[PDB]
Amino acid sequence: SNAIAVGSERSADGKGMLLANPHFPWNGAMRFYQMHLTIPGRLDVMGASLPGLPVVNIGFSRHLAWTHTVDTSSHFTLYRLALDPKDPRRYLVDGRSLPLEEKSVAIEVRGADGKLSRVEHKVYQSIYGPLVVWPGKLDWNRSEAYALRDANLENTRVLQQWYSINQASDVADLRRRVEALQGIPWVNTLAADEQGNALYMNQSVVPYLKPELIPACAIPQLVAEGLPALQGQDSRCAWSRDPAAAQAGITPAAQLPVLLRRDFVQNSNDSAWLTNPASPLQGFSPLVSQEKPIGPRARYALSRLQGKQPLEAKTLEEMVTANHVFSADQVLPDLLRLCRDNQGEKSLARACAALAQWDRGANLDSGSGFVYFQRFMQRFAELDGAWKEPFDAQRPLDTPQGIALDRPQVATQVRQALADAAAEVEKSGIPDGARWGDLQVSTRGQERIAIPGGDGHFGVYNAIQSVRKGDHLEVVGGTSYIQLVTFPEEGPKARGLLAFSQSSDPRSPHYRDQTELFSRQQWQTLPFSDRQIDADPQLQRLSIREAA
């Protein structure tokens, strides 16, 4: 996901503006759905929601627009158990041996004969939660096992939280409502209002440990890999209590990152750190936010956002619709130089030509250079010390950059990486002429629709994830519900699309209508006012009722 909120100091109209670009599945239990909800006099909100939920999850109202991105905060902790040396189904806390609890569940299974059989399965539980096994990393042997405490299992406030957000008037009200309830499970919140405030909140449900407990309570090996793991044999490593928290054991709102500005805030799934580089967010628990190098989507966004020029709605739209492959900016110039230093290396010839002619985009008509670049990057990722300028914490927006071609070992490995990538590309079934849109598609019944965009890991803001199926790459997730909201005097102006269309059913008139539009990148009005709604020539109305 991307989110950008722009405020009065940077918007061309001096008011608030929000771009919402969540990246989520194109099918299943997380498939977004558009709706507008009104209880006249007290609720009027429009946006999109996840299946089964009678609230708007990302949306806008008269004076406010908000959206979410998945955060980097931990929402659970693992606990490493010290097992009773005499019994691997018992574990030690403060030296005292405790029994695991057992909970059996029974499942009916339809057999080959078409009849049901009953299967019973034991789930072992500790005081922290259920045990978990990752063979080869989190084992359950005679010395240790691992339990998992999920902070959101006791978050009964989650539906109330979005219903409250749906009732929020402006950014200040939104902040009060989220901080008061703390019912957001695992996302950041970004928002803008008509008066021109831009808000970022890393306000979610996060396990709380007082700072002085962290060095001794962490499992050093595991947190180094980014697993929130704690010592489960010490009662002092229980999540800390603080009466200000909405739920026992979670981090109070005052200790979670918030940035309220009038220029901009952004997030593309990195931590709170560089939400706006002019005001870095630092000093938080490692369970909350760390100063890690940002990903290419955020680096791309900041490259467009920083400075003093006003931002127009069109500017934000085109950050999505340009389909620029931002990772190429860091490696392609030096890569092309390697190509030029190696003409007559016949194994690199086609790859080098395709890369040279490439528009550096993931557009429908972008050439096969994108495919060559992707496969090369997958291999470049894994090479050691190949950046000319590696990550510099003092220049977190401009590094890493370049290929260290003046180091003979790097030059050798990079050329080989390109040769291998080229070989892989050419033994795939990709024709001559073929453009990216000929390859990446979304299937609709017996037909296909070409889909622009590319993987977010390559720095494409319009992130699209696809998997190989037969002769094509089938889109499975990415850009989904798009909304771009401004606040002219008449009322909120929202523009966007639901990329995969309202209905997942091939029989529906709304199975591929917006998907055709997404292909051509033609966003549309999201009608909100009665006047906008009544102006739609496709308007249909139905009133329904039944007894309770």
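Start at 1 with the first residue shown and count on from there. Rigid core here is just the name for the largest C-alpha set that superposes within 1.5 Å across the two forms.
- The segment moving more, judged by mean Cα distance from this form in 8 other deposited structures of this protein after a core overlay, is 425 to 433 among 425 to 433 and 208 to 216.
- Of the two segments examined, 241 to 249 and 197 to 205, it is 241 to 249 that shows the higher average Cα temperature factor in the deposited entry.
- Of the two segments, 258 to 266 and 345 to 353, the one listed with the higher mean B-factor is 345 to 353 (C-alpha atoms only).
- Among 467, 178, 214, 301, the highest C-alpha B-factor recorded in the PDB entry belongs to 214.
- Remark: of 452, 136, 400, 185, 400 shows the highest value [criterion: C-alpha B-factor in the PDB entry].
- Among the modelled residues of its chain, residue 313 has a C-alpha B-factor that falls in the highest third, as given in the PDB entry.
- Among all modelled residues in its chain, residue 516 ranks in the middle third by Cα B-factor.
- For residue 155, the recorded CA B-factor ranks within the lowest third of the chain. Only modelled residues enter the ranking.
- Ranked by Cα temperature factor within the chain, residue 277 sits in the highest third according to the deposited record.
- The deposited CA B-factor of residue 131 belongs to the lowest third of values across its chain.
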